[PDB]
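Trainee: First the structure, which I've put down as structure tokens, then a few questions once you've had a look.
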Amino acid sequence: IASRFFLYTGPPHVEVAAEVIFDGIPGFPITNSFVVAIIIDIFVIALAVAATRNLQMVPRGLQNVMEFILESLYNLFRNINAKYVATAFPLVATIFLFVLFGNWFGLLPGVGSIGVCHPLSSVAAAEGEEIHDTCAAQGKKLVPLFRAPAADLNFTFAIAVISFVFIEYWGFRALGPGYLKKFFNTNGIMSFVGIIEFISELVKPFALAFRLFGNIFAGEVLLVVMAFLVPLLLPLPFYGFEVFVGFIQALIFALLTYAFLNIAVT
Amino acid sequence: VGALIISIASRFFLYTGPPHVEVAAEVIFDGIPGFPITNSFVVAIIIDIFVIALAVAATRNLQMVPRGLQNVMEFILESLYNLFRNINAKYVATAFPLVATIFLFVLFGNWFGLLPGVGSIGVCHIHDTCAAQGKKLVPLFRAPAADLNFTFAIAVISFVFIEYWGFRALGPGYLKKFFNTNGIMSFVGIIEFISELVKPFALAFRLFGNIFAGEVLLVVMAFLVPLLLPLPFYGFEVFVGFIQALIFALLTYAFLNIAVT
Amino acid sequence: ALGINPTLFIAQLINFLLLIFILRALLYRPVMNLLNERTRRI
Amino acid sequence: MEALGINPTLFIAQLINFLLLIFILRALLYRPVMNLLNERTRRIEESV
Amino acid sequence: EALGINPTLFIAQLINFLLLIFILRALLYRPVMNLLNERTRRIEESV
Amino acid sequence: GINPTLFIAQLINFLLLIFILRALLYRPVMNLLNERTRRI
Amino acid sequence: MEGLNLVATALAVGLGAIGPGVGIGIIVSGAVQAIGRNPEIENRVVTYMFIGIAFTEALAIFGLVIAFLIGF
Amino acid sequence: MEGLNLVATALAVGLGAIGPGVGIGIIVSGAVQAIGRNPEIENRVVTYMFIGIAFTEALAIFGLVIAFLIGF
Amino acid sequence: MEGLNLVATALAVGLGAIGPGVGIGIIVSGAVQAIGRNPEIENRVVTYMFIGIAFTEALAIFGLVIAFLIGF
Amino acid sequence: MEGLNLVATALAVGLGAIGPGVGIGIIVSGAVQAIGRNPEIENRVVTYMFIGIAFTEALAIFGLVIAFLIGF
Amino acid sequence: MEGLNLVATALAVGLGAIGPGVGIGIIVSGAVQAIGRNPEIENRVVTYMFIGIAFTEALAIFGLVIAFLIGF
Amino acid sequence: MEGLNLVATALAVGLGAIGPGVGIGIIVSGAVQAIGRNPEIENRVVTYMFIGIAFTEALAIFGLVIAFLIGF
Amino acid sequence: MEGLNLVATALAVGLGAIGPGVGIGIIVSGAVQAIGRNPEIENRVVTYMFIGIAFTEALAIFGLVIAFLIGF
Amino acid sequence: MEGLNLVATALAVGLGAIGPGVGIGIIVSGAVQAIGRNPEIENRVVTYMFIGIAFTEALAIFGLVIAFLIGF
Amino acid sequence: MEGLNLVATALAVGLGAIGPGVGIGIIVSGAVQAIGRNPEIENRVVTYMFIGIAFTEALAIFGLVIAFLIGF
Amino acid sequence: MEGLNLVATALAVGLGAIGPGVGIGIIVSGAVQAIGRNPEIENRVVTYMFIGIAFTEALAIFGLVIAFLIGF
């Protein structure tokens, strides 16, 4: 059982960085995050059209799974605010359906291994191996081809800012000029709490983006570190925790977006 | 007495000086070619004499109806006996002399340290009196609980008592407990063994530290303001001495109770 | 560093908006229509 | 490929770990999920 | 003689002890005596 | 601090104290209490 | 001595996480218990619950902001 | 040294976070539970709840002020 | 050093926020819960609540004033 | 000194773990007790548990990511 | 290394105010709740409440009294 | 000034144990108390309890990771 | 450092008044709550309460004593 | 580094007071609450309570002992 | 520095005691309360207690491991 | 520089006493409350209580022995 924890074949170190730019020969540079964003856009669109291409009674197969997921999300959002459950559903459904597969793509084999480059070999008396990389030649860093889309502070910041813009717009949509009434209303002590609530609303998109990016980045780095410590049979529970927490983060991103929208409208 | 006390600045006139009393060991009182009579042994003998005197005073007659000192001694003994019976049922007689003698002795030792002149009266080997001469001043009547030797002795005697009675109650099995279980009482057994081993050290250190801290606290409060400032601390110490005595007695008996069962 | 490139940020925002609209016109609307059909034709 | 670069050994560890995780999930988290889907589709069949 | 006496410390200790004894006799005198008398009466009545 | 002669003397004194109180302070009072309780 | 800015960043983030973390935990536990006891009021509770978080978490964010002022 | 001002900023912000964070958490949890146990009184307690926050968070504000001064 | 005064004022303000923050939180939570249990006695308990605040906040003020001394 | 970056990484990770750990513990305990009292309310109690857990754990995540930036 | 004394002062008022403060809170809270359950005992309860404070505040007072000695 | 890596490893391990330890303690106590008052819901709550543990331990695991990234 | 004695005495006071302060607060809150029910029991719960204080304060006293052994 | 022994003594006393002080407070509060709920169990409770009072404080005593060894 | 390796072992062991100690305390208290409330579930409850202790004890064990990696 | 071993012993003992003291305090409080609610179960409760203490104090004991290994 534990006798097969051979570290004679393991990674040399733990490469950690933010989003790394791909070659990007033409203008409009694309990164490793903006190739996995495209690949997961393609996957989600293909999945949606496959579930949609034949819609009928008695769902079974891809259509049944899609209906179950969609109705579960609809019931979850309805429990918070039934008035806007359908007016804002596409945003807080695509957020989940995208972030979930973004987090689950980072765990696929080869994420952090295939790069584009823009026993005897391992060191002894150490618990971590030191086998070099294929593009050690030319002294390159082996820029990973695939990264988790949420592990980049650009895509996550983008979804946070679109969520914040949506919340602000549809709080302004039906409240009159009541936003100025919730903050700095000079109703005795209500002015201070209104200013604090305005500050909190301002920092909400930053909190969401930082939370999602940090969770996904930390999961991927923990996986790399556990692989470095012991290549096999060590990162199994950590892989399970990572997939669970990726699904969790995907769900609560949409949940927090809709909850903030509800607290804004009412 | 009003709260507008003007004698709060008595340190201007009565300056006790730095708390010279900081000795955390035994200081020899009398130079003898044999064993040295430390400052704690003399007070221990004094407390033994006082205990025997009160015992013979309340026990010279043994009147049926308790009155006077006999009533007080009967009350304290009966309270202790009822407490021990509450802790354990059948072994009250086995441990009663030890756990009541220890209570009375350490109680009188703790309450003796608060007596005036404990930190002042002493023997030549702000500036006290002796430091004026070439011989240093070493204080007299250092409470027996303040000494680490006496506390260690009573703690080890309690440890031997507990181990012997647990062994006699539970046969040879108590020596090895249930280490053969290997399912539950395997890692817990060694834990309980080391806990029992460190039990006497904690038992002695509690008394020693409490009494030492009380004495140095009284000296320090005298250093700060030696008038009406250390009155609440005197009350706290006269309370904590009796509390520590009762805790030590109840604790050794409760450790016996957990040892037998 | 953090690498918050405004061009990349705008690209991600545009891609996410396009994904939102494509899914709304392709997945959410038909599935919600079928759910309403199967919950109101009961 | 002149540009492709693959970690020779970390990729093998990732492959083994992911395959083990997939097998474990299929062993454990495949019966409840299929049971729930079957229950939902059977309920819809009954409703029609 | 070899008697070592700290004047200020001894005076302060004596004054504090006297004040503590006085406050105790003010407070912890009636309850202890009452408990003693109650125990004495309870034992006496059992004759 | 850890003078073996000193703590040995203290231990002997404490043992003598408990063995002199039992026959003078504990046996008589316990006998009196036993008589009082057996009287009821 | 080397750069103390790293130690400052660490202290700021760590203590900001220390405080509002327990605050949010207590808020959520209390709100969930209140909802479970009396479901009919849940929505109202949820509102105040989020408000509480919107305060407490804010404090932590402040620390994070300070870090990004020092770390950068 | 050189980074002592940064360390002071971090310490002030962090500790002012850890105190009022737990304070606000406890306040909101208690207020929510009281509202759940008695909705009719809700309005009243709500004000008190906010008043409590207006004190607790105030302390954190002080710490933040100490940052802005040390940070000029 | 030349910056230890900043660390001193930061520590004073931070710890003075640490203590009374949780104190105020507990006091307000208890007062609100008691008001919800017995609205009629509300006024009375409110007084005690404020009195409690006026104690714990005092401690914070002490820390704060120390900073005001370290400042000048 | 010299290796202060390691101390900073350690402090950030440690305090980030300190706070949200207790927060998550409190959230889970309270939500489980609420479910046990009223099994029918579990559907939304679980969602509130998870969103509060995410809120709390975000702070530990901030600590970990800051320490990773300091470490790397 | 003169500024070290200031840091000492900062600790004495600081840390010494984080123990009693919280404690005072609990005291008042408990007292208030005991007044809510049984109004007719309030007086006696209030007494012990203040008595408890008179102890806890004392500790904080100690943290103050040495601090000035450190500052002076 | 040299062996700071050992201190960093110690701090990371220790505080990562500090947080999740209390978290797991609270989680298990709450879950077992809920089981006691409602035995037939045991299988429904135990999972949640374990889920909670799987989060709290995660934080501690993070610390261990750092302990094996600077302790190496 | 020449001023380390002052930091030591400040730590002796400040750190020694953390535990005992919360302990006294908890003791007094519990005793007051236990007085709220069954006021006839008031006597006994007072006794133990003071006994409890006489323990907790004792710990704080130690700290104070140590401070006066360092400062003086 | 002169005076480091004083800092060690202060740290030992302070943390020893920190832990067992809260331990004793909790023990006494629980005991008096149980006594108030049911007076008759007092005779069987108090002894156990005192055992706890002599366990937690033991740890504190350990610190004091070490302190004295460090101080002397 | 000549030291800084003994300090590492001390910190690791101490904080690994800090966390898991309170964790086990809360676990045992809650579990034994559950035993008292519902005796016949005892067996089940006991099992979970031990499991919880394990999930807590390991954390302290980790700290000990660090000591054995520096002490040896 | 040279007295770091004393600081190590002090830190080990103090931090080892910080946690387990509160742990055994909570254990004793919970066990005592269980005795008060249901005296008949008392026996069982007591055993588990001691078991809990046996675990919790063990951690503190570890810290103590570390000091010995460091001081000796």
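Ordering of the structure tokens sets the chain letters (A, B, ...); residue numbers start at 1 within each chain; ligands are numbered from 1 in the order shown.
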Quote the C-alpha RMSD, in Å to one decimal, that results from superposing chain P on chain O by least squares across all C-alpha atoms in order.
Mentor: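 With all C-alpha atoms paired in order, the RMSD is 0.5 Å.
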Trainee: What lies within 10 Å of residue 48 of chain D using only C-alpha atoms, ignoring chain neighbours under 5 positions off, as a list in words?
Mentor: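 Listed by chain and then number, they are residues 57 and 58 of chain A; 38, 41 and 42 of chain C; 42 and 43 of chain D.
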Trainee: Do you know which residues are at most 7 Å from segment 10-24 of chain L counting only C-alpha atoms, after dropping those on the same chain fewer than 2 positions away, and could you put them as a PyMOL selection string?
Mentor: (chain J and resi 10-11+13-15+17-19+21-22+24-26) or (chain L and resi 6-8+26-28+53+56-57+59-60+63-64+66-67) or (chain O and resi 8-9+11-12+15-16+18-20+22-23+56+59-60+63+66)
Trainee: So which bits of chain D end up alpha helix (DSSP H) when you DSSP the backbone, as a CSV table (one decimal) with N, CA and C atoms, in the first residue's frame?
Mentor:
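Below you can see selection.csv, which holds the result:
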chain,number,residue,atom,x,y,z
D,10,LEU,N,6.5,14.6,-14.0
D,10,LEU,CA,5.3,15.2,-13.2
D,10,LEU,C,4.0,14.9,-14.0
D,11,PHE,N,4.1,14.8,-15.3
D,11,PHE,CA,2.9,14.5,-16.1
D,11,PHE,C,2.5,13.0,-15.8
D,12,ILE,N,3.4,12.1,-15.6
D,12,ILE,CA,3.1,10.7,-15.3
D,12,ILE,C,2.4,10.7,-13.9
D,13,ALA,N,2.9,11.4,-12.9
D,13,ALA,CA,2.3,11.4,-11.6
D,13,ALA,C,0.9,12.0,-11.7
D,14,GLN,N,0.7,13.1,-12.5
D,14,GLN,CA,-0.6,13.7,-12.6
D,14,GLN,C,-1.6,12.7,-13.3
D,15,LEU,N,-1.1,12.0,-14.3
D,15,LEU,CA,-1.9,11.0,-15.0
D,15,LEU,C,-2.4,9.9,-14.0
D,16,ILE,N,-1.4,9.4,-13.3
D,16,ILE,CA,-1.8,8.3,-12.3
D,16,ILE,C,-2.7,8.8,-11.3
D,17,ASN,N,-2.5,10.0,-10.7
D,17,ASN,CA,-3.4,10.5,-9.7
D,17,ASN,C,-4.8,10.8,-10.2
D,18,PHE,N,-4.9,11.3,-11.4
D,18,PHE,CA,-6.2,11.6,-12.0
D,18,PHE,C,-6.9,10.3,-12.3
D,19,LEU,N,-6.2,9.3,-12.8
D,19,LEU,CA,-6.9,8.1,-13.1
D,19,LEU,C,-7.4,7.4,-11.9
D,20,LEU,N,-6.6,7.4,-10.8
D,20,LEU,CA,-7.0,6.9,-9.5
D,20,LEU,C,-8.2,7.6,-9.0
D,21,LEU,N,-8.2,8.9,-9.1
D,21,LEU,CA,-9.4,9.7,-8.6
D,21,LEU,C,-10.6,9.4,-9.4
D,22,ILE,N,-10.5,9.3,-10.7
D,22,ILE,CA,-11.7,8.9,-11.5
D,22,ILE,C,-12.2,7.6,-11.2
D,23,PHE,N,-11.3,6.6,-11.0
D,23,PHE,CA,-11.7,5.3,-10.6
D,23,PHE,C,-12.5,5.3,-9.3
D,24,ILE,N,-11.9,6.0,-8.3
D,24,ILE,CA,-12.5,6.1,-7.0
D,24,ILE,C,-13.9,6.8,-7.0
D,25,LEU,N,-14.0,7.9,-7.8
D,25,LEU,CA,-15.3,8.5,-7.9
D,25,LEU,C,-16.3,7.6,-8.6
D,26,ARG,N,-15.9,6.9,-9.6
D,26,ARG,CA,-16.8,5.9,-10.3
D,26,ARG,C,-17.2,4.8,-9.3
D,27,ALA,N,-16.3,4.4,-8.4
D,27,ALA,CA,-16.7,3.4,-7.4
D,27,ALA,C,-17.7,3.9,-6.4
D,28,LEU,N,-17.5,5.2,-6.0
D,28,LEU,CA,-18.3,5.8,-4.9
D,28,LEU,C,-19.4,6.7,-5.4
D,31,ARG,N,-23.0,5.6,-8.3
D,31,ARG,CA,-24.2,4.9,-8.0
D,31,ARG,C,-25.3,5.9,-7.4
D,32,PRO,N,-24.9,6.8,-6.4
D,32,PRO,CA,-25.9,7.8,-6.0
D,32,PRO,C,-26.4,8.7,-7.1
D,33,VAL,N,-25.4,9.2,-7.9
D,33,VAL,CA,-25.8,10.1,-9.0
D,33,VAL,C,-26.7,9.5,-10.0
D,34,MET,N,-26.4,8.3,-10.5
D,34,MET,CA,-27.2,7.6,-11.4
D,34,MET,C,-28.6,7.2,-10.8
D,35,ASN,N,-28.6,6.9,-9.5
D,35,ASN,CA,-29.8,6.6,-8.8
D,35,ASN,C,-30.7,7.9,-8.8
D,36,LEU,N,-30.1,9.0,-8.5
D,36,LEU,CA,-30.9,10.3,-8.5
D,36,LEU,C,-31.4,10.6,-9.8
D,37,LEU,N,-30.6,10.4,-10.9
D,37,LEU,CA,-31.1,10.7,-12.2
D,37,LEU,C,-32.2,9.8,-12.6
D,38,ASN,N,-32.1,8.5,-12.3
D,38,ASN,CA,-33.1,7.5,-12.6
D,38,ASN,C,-34.4,7.8,-11.8
D,39,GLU,N,-34.3,8.3,-10.6
D,39,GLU,CA,-35.5,8.7,-9.8
D,39,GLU,C,-36.2,9.8,-10.4
D,40,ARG,N,-35.4,10.8,-10.9
D,40,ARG,CA,-36.0,12.0,-11.5
D,40,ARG,C,-36.7,11.7,-12.8
D,41,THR,N,-36.0,10.9,-13.6
D,41,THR,CA,-36.6,10.5,-14.9
D,41,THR,C,-37.9,9.6,-14.7
D,42,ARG,N,-37.8,8.7,-13.7
D,42,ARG,CA,-39.0,7.9,-13.4
D,42,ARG,C,-40.1,8.7,-12.9
D,43,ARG,N,-39.8,9.7,-12.1
D,43,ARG,CA,-40.9,10.6,-11.6
D,43,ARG,C,-41.5,11.4,-12.8
D,44,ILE,N,-40.7,11.9,-13.7
D,44,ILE,CA,-41.2,12.6,-14.9
D,44,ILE,C,-42.1,11.6,-15.7
D,45,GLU,N,-41.6,10.4,-15.9
D,45,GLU,CA,-42.4,9.4,-16.6
D,45,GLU,C,-43.8,9.2,-15.9
D,46,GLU,N,-43.8,9.1,-14.6
D,46,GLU,CA,-45.1,8.9,-13.9
D,46,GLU,C,-45.9,10.1,-14.1
D,47,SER,N,-45.4,11.3,-14.1
D,47,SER,CA,-46.1,12.6,-14.3
D,47,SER,C,-46.7,12.7,-15.7
Trainee: Set the distance at 8 Å and use only C-alpha atoms: which residues neighbour segment 10-19 of chain F once local chain neighbours fewer than 5 positions away are removed? I'd like the list as a VMD selection string.
Mentor: chain B and resid 41 48 97 to 98 101 149 to 150 153 to 154 157
